[PDB]
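Below is one structure, written out as structure tokens; the observations come after it.
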Amino acid sequence: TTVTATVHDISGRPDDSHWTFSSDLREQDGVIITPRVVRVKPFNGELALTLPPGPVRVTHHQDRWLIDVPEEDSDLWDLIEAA
Amino acid sequence: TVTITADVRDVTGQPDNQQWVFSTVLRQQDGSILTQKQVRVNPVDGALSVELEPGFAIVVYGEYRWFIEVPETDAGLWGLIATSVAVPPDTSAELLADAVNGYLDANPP
Amino acid sequence: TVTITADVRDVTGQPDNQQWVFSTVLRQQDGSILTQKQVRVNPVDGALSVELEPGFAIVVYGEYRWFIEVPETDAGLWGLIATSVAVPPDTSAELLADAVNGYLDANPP
Amino acid sequence: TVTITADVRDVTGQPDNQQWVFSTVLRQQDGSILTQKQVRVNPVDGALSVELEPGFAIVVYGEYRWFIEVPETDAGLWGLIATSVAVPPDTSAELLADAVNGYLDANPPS
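Residue numbers (PDB author numbering), protein chains in the order written: chain Kb, 2 to 84; chain La, 2 to 110; chain Lc, 2 to 110; chain Lh, 2 to 111.
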């Protein structure tokens with residue numbers, strides 16, 4: 002599943018501060034998904050990333066969520082707001 | 002031996018090369034003694050491949066520990082983890098069979 | 002005098018060359034005095050091979066400590082270990098179910 | 002001058018050259034005074050050989066102390082120690098050997 006978002010300051014500039022993505026140890030499509038805690042930086046305020054369907058843990062800085070990634074491409078805010 | 006395999010990746014789809022640990026309880030199989038040595042395997046570009054002897058083995062990865070039974074022919078590692086047993090099987094019958102087979106090999110007909 | 006041997010491997014079928022340790026209590030054998038010295042033996046490319054004097058001996062391997070009786074002719078080590086654990090001295094001559102029907106087998110040379 | 006002797010090995014038949022210690026209480030032999038001086042002997046290539054004066058002596062080896070009467074002849078050292086050494090702890094091989102004997106023989110024609 003492709004997941005994307007634009008990320009900004011209150012002044013509408015890029016906020017390139019890193020987001021963090023991780024999982025429980027699980028199998029998806031015959032691939033082991035490990036519990037490694039991956040840091041992702043938005044580029045010019047855009048994050049675009051590939052996630053495996055099912056549960057994923059997301060952290061920005063102090064905030065964290067447990068999203069359920071669907072089988073179809075989606076905006077990260079719709080997945081965050083569903084938590 | 003039998004080749005046991007998995008494809009190993011992180012949540013962003015990049016390969017994850019952290020080591021997997023393999024071991025067993027002390028036993029005889031074929032002509033050989035199998036030892037409690039913890040063998041550490043790196044995935045290579047995210048492909049984990051390891052040749053194991055059949056029967057009981059121990060798999061460790063990070064916090065997790067599992068008691069797998071390795072089958073007689075090549076298999077995916079996740080099918081063995083999902084079917085892993087709660088506690089090790091005993092060797093009581095095997096030790097009697099080995100003691101008899103040893104004393105027989107010590108003085109043939 | 003008498004040679005005891007094994008082939009010693011890890012769960013991946015590669016050699017394990019950690020030391021075995023052999024000793025005895027102070028006693029007389031073929032005229033000579035045998036002392037309590039702990040003798041350390043490394044397998045070589047996976048082959049364990051030790052000259053041992055007949056009668057009582059102690060085998061240490063990591064956590065394990067087996068008390069064994071070295072036979073009057075050459076033998077495999079795991080038969081002596083298996084004998085020591087499968088048949089305590091208090092076994093009461095239970096006669097092993099005719100050694101489990103002898104596994105219904107034998108062959109001439 | 003009586004030679005007391007032994008051949009000394011570990012469980013692998015290899016020599017053991019740890020020292021053996023000989024001494025006595027003060028006493029008189031053939032007119033000379035024998036002192037308590039501890040005589041320390043190396044086995045040489047596993048062979049232990051010592052001249053001792055007859056009568057009471059002490060043998061020390063590791064944790065062990067044994068008292069011997071050195072006989073007036075040429076004796077072997079295990080014979081003087083043997084009554085004071087504990088028998089090796091009984092272990093089961095003879096029982097398993099008997100139980101795996103008692104065959105009903107195979108005799109294949111090929």
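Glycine is no exception: its CB is placed at the ideal position from the N, C-alpha and C atoms.
Presumed contact (8 Å Cβ cut-off) between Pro89 (chain La) and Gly47 (chain La), rounded CB distance: Actually they are not in contact, since the Cβ atoms of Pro89 (chain La) and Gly47 (chain La) sit about 30 Å apart, beyond 8 Å.
If we ignore side chains and look at the alpha-carbon of each, how far apart do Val41 (chain Kb) and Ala94 (chain La) end up? In this structure, the CA atom of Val41 (chain Kb) is about 55 Å from the CA atom of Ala94 (chain La).
Listed in chain order, which residues of the segment 78-109 of chain La have Cβ atoms closer than 8 Å to some Cβ of chain Lh? Listed by position along the chain: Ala100, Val101, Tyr104, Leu105.
Please classify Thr2 (chain Lh): is it buried, with 16 or more other beta-carbons within 10 angstroms of its beta-carbon, or exposed? It counts as exposed.
Which two residues bound the contiguous alpha helix (DSSP H) that contains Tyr104 (chain Lh)? Per DSSP, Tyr104 (chain Lh) belongs to no alpha helix (DSSP H) and is neither H nor E.
Would you call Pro44 (chain Lh) buried or exposed, if buried means 16 or more other Cβ atoms sit within 10 Å of its Cβ? Buried, because 16 or more other Cβ atoms sit within 10 Å of the Cβ of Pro44 (chain Lh).
Please decide whether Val9 (chain Lc) counts as near chain La, where near means a Cβ-Cβ distance under 9 Å. Chain La, which has a Cβ nearer than 9 Å to the Cβ of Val9 (chain Lc), makes this yes.
Cβ of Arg37 (chain Kb) within 9 Å of Cβ of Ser23 (chain Kb)? Cβ distance < 9 Å, so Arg37 (chain Kb) and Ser23 (chain Kb) count as in contact.
My assumption, with CB atoms under 8 Å, is that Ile33 (chain Kb) sits in contact with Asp8 (chain La). Please give the rounded CB distance. Right, their Cβ atoms sit about 7 Å apart.
Listed by chain order, chain Lc residues near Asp46 (chain Lh) by CB distance under 7 Å: Neighbours of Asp46 (chain Lh) on chain Lc: none; closest Cβ ~13 Å, over 7 Å.
Run down chain Kb in chain order and give the residues with a C-beta less than 8 Å from the C-beta of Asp75 (chain La). For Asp75 (chain La), there are no C-beta contacts with chain Kb under 8 Å, since the nearest C-beta of that chain is about 14 Å from it.
Grab me the residues of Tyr62 (chain Lc)'s own chain with a C-beta within less than 6 Å of its C-beta, minus the 5 sequence neighbours each way, in chain order. Closer than 6 Å at the Cβ level, and outside the excluded window around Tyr62 (chain Lc), lie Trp21.
So which of Lh:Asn108, Lh:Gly77, Lh:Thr92 has the shortest CA-CA distance to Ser85 (chain Lc)? The residue among Lh:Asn108, Lh:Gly77, Lh:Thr92 with its C-alpha nearest the C-alpha of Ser85 (chain Lc) is Lh:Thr92.
Find out if the Cβ-Cβ distance for the pair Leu49 (chain Lc), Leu78 (chain Lc) is shorter than 9 Å. Contact: yes.
If you drop the 5 nearest sequence neighbours on each side, which residues of the same chain put their C-beta closer than 6 Å to that of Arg58 (chain Kb)? In its chain, beyond the 5 residues on either side, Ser23, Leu67 have a beta carbon closer than 6 Å to the beta carbon of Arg58 (chain Kb).
Buried or exposed by the 16-neighbour rule on C-beta atoms within 10 Å, applied to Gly31 (chain Kb): Burial is judged here by how many other beta carbons sit within 10 angstroms of a residue's own beta carbon; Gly31 (chain Kb) has fewer than 16 and is exposed.
So which residues on chain Lc does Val22 (chain La) lean against when the C-beta distance must stay under 7 Å? Near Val22 (chain La) there are no residues of chain Lc at all, since even the closest Cβ is about 10 Å away, more than 7 Å.
Residues that DSSP places opposite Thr4 (chain Lc) in a beta bridge: Note: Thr4 (chain Lc) sits in a beta bridge opposite Lc:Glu52.
How about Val51 (chain Lc): is its C-beta nearer than 9 Å to some C-beta of chain Lh? Closer than 9 Å: yes.
Separation of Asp75 (chain Lc) from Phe57 (chain La), as counted between CA atoms: Distance between the alpha carbons of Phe57 (chain La) and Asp75 (chain Lc) is about 30 Å.
Where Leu53 (chain Lc) and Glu73 (chain Lc) are concerned, what is the direct C-alpha to C-alpha distance, given to the nearest angstrom? Answer to the nearest angstrom: the Cα atoms are 10 Å apart.
On the DSSP bridge assignment, give the partners of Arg41 (chain Lh) in chain order. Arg41 (chain Lh) is bridged to Lh:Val22.
So who's on the other strand from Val32 (chain Kb), going by DSSP bridges? Beta-bridge annotation (DSSP): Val32 (chain Kb) is paired with Kb:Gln29, La:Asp8.
Distance, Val51 (chain Lc) Cα to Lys38 (chain La) Cα: So the two alpha carbons sit approximately 21 Å from each other.
If we count the other Cβ atoms within 10 Å of its Cβ and call it buried at 16 or more, is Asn102 (chain La) buried or exposed? Buried.
Just checking my contact of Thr13 (chain Lc) with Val26 (chain La) at CB under 8 Å: how many whole Å lie between their CB atoms? 15 Å between Cβ atoms; not a contact.
Just reading off the alpha helix (DSSP H) that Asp69 (chain Kb) is part of, what are its end residues? For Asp69 (chain Kb), there is no enclosing alpha helix (DSSP H); the residue is part of the beta strand (DSSP E) that begins and ends at 65-70.
Which residues of chain Kb have a Cβ atom closer than 7 Å to the Cβ of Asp17 (chain La), listed in chain order? Within 7 Å Cβ-Cβ: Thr35, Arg37.
In angstroms with no decimal places, state the Cα-to-Cα distance between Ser24 (chain La) and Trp67 (chain La). Cα to Cα, the separation comes out at about 11 Å.
Assigned secondary structure, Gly80 (chain Lh) (DSSP; H/G/I helix, E/B strand, else coil): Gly80 (chain Lh) falls in the helix class under three-state DSSP.
Within 9 Å (strictly less), CB to CB, does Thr6 (chain Lc) reach chain Lh? No, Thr6 (chain Lc) does not count as interfacial toward chain Lh.
Nearest-angstrom Cα separation, counted from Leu26 (chain Kb) out to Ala83 (chain La): The straight-line gap from Cα to Cα measures roughly 12 Å.
Identify the residues that DSSP records as bridge partners of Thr3 (chain Kb): which are they? Partner(s): Kb:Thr51.
Could you spell out where the alpha helix (DSSP H) holding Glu70 (chain Lc) opens and where it closes? Note, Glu70 (chain Lc): premise wrong, no alpha helix (DSSP H); beta strand (DSSP E) at 65-71.
Measure the alpha-carbon distance for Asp11 (chain Lc) versus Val42 (chain Lc) and round it to whole angstroms. So the two alpha carbons sit approximately 17 Å from each other.
Whole-angstrom distance between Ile69 (chain Lh) and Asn108 (chain Lc), CA atom to CA atom: Just so you know, the alpha carbons of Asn108 (chain Lc) and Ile69 (chain Lh) end up roughly 55 Å apart.
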